[PDB]
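Everything below concerns the one structure shown next.
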Amino acid sequence: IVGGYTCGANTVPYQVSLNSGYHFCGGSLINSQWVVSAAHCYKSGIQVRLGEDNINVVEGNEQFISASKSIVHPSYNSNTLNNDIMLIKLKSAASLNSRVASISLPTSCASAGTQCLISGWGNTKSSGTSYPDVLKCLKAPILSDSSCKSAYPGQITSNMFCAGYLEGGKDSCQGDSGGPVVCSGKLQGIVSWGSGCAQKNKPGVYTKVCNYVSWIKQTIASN
Ligand SMILES: [Ca+2]
């Protein structure tokens, strides 16, 4: 997250870290056994880390759980990042508490100008590299479809939306992928892609979770 702030330990209790001997992507806890993340984060060997704040120190309130199943959307296209969504089933159910809690899926899609919270352990620099230890937060609005398509002509599908700031300086970035975009207590986005980070007129692009609610619920009911 570039231009953001230190969230505060366990203030984003649904945020997870996906780990393979290092943090590589985020995700969101949507019930005691299931996490949503981005398809482009898919790997073998994933450990889900819940209740994290500093990803480099064991502080308390952490739960480390292996992934059992990792379900990439069948129509994921890795060249376009259309359908950039994955479900991950935990080996065991997490213990939910004030520090470790699920986020609700949307009933309706969000509209333009809705303010959301994006969070992650990704790069904090637009130009260069600097990974945080502790979780970073950014409040960003949903842009209009118009401004989103004018920023990325031909590359925005019905399953995406833009969020952020056209002036630059505030965005998600590498390592934030897969994490939450929460608006009025509902999971509306997943950190997906963009052109660089925090660059002017190139806002971040997010998977529009409201298009996937039926798919999420049908897949989970069968797995
Ligand atoms: Ca920790």
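All residue names refer to the structure tokens as shown: chains lettered A, B, ... in order, residues numbered from 1 in each chain, ligands numbered from 1 in order.
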Shell around segment 116-124 of chain A at 7 Å using only C-alpha atoms, local window under 5 positions removed, as number ranges by chain
A: 1-2, 26, 129-132, 134-141, 173-176, 179-183
Considering only C-alpha atoms, return as number ranges by chain whatever protein or nucleic-acid residues lie within 9 Å of residue 43 of chain A, sequence-local ones (same chain, fewer than 3 positions apart) excluded.
A: 20, 40, 46, 70
In terms of the shortest atom-to-atom distance over only C-alpha atoms, which of A:45, A:196, A:168, A:185 is closest to residue 3 of chain A?
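Among the listed residues, A:168 lies closest to residue 3 of chain A.
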I want to know what sits within 8 Å of residue 88 of chain A, based on only C-alpha atoms, with residues of the same chain fewer than 3 positions away left out; could you give that as a PyMOL selection string?
chain A and resi 34-37+67-71
Can you build me a table of chain A residues sitting at most 6 Å from ligand 1, with the closest atom pair per residue and its distance in Å to one decimal, using only C-alpha atoms and all ligand atoms, sorted by chain and residue number, as a Markdown table?
```
| residue | atom | partner | partner_atom_place_in_ligand_line | distance |
| --- | --- | --- | --- | --- |
| A:52 | CA | ligand 1 | 1 (Ca) | 4.8 |
| A:53 | CA | ligand 1 | 1 (Ca) | 5.4 |
| A:54 | CA | ligand 1 | 1 (Ca) | 4.4 |
| A:55 | CA | ligand 1 | 1 (Ca) | 4.3 |
| A:56 | CA | ligand 1 | 1 (Ca) | 5.7 |
| A:57 | CA | ligand 1 | 1 (Ca) | 4.5 |
| A:58 | CA | ligand 1 | 1 (Ca) | 4.1 |
| A:59 | CA | ligand 1 | 1 (Ca) | 5.2 |
```
Distance atom CA of residue 148 of chain A-atom CA of residue 161 of chain A, one decimal place?
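Those two atoms sit 7.0 Å apart.
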DSSP alpha helix (DSSP H) residues within segment 117-166 of chain A, as number ranges by chain:
A: 145-151
With N, CA and C atoms kept, could you save the residues just selected as a PDB file, in the first residue's frame?
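Output file out32.pdb follows:
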```pdb
ATOM      1  N   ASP A 145     -17.078   4.079 -13.940  1.00  0.00           N
ATOM      2  CA  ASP A 145     -16.727   3.168 -15.021  1.00  0.00           C
ATOM      3  C   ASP A 145     -16.087   3.943 -16.126  1.00  0.00           C
ATOM      4  N   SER A 146     -16.574   5.175 -16.286  1.00  0.00           N
ATOM      5  CA  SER A 146     -16.082   6.034 -17.362  1.00  0.00           C
ATOM      6  C   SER A 146     -14.611   6.389 -17.232  1.00  0.00           C
ATOM      7  N   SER A 147     -14.319   6.861 -16.048  1.00  0.00           N
ATOM      8  CA  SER A 147     -12.937   7.229 -15.748  1.00  0.00           C
ATOM      9  C   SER A 147     -12.027   5.995 -15.703  1.00  0.00           C
ATOM     10  N   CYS A 148     -12.610   4.871 -15.325  1.00  0.00           N
ATOM     11  CA  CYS A 148     -11.849   3.594 -15.307  1.00  0.00           C
ATOM     12  C   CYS A 148     -11.447   3.091 -16.700  1.00  0.00           C
ATOM     13  N   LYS A 149     -12.427   3.127 -17.585  1.00  0.00           N
ATOM     14  CA  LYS A 149     -12.208   2.851 -19.033  1.00  0.00           C
ATOM     15  C   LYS A 149     -11.380   3.877 -19.788  1.00  0.00           C
ATOM     16  N   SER A 150     -11.541   5.142 -19.421  1.00  0.00           N
ATOM     17  CA  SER A 150     -10.650   6.174 -19.992  1.00  0.00           C
ATOM     18  C   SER A 150      -9.219   5.990 -19.508  1.00  0.00           C
ATOM     19  N   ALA A 151      -8.960   5.493 -18.271  1.00  0.00           N
ATOM     20  CA  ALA A 151      -7.606   5.182 -17.789  1.00  0.00           C
ATOM     21  C   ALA A 151      -6.969   3.945 -18.425  1.00  0.00           C
TER      22      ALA A 151
END
```
Could you give me, as JSON, numbers by chain, the residues within 7 Å of residue 17 of chain A, counting only C-alpha atoms and dropping anything in the same chain fewer than 3 positions from it?
{"A": [23, 25, 26, 27, 48, 49, 50]}
Exercise: residue 78 of chain A partners within 12 Å, only C-alpha atoms, chain neighbours under 4 positions left out, as a PyMOL selection string
chain A and resi 38-42+72-74+82-85+192-193
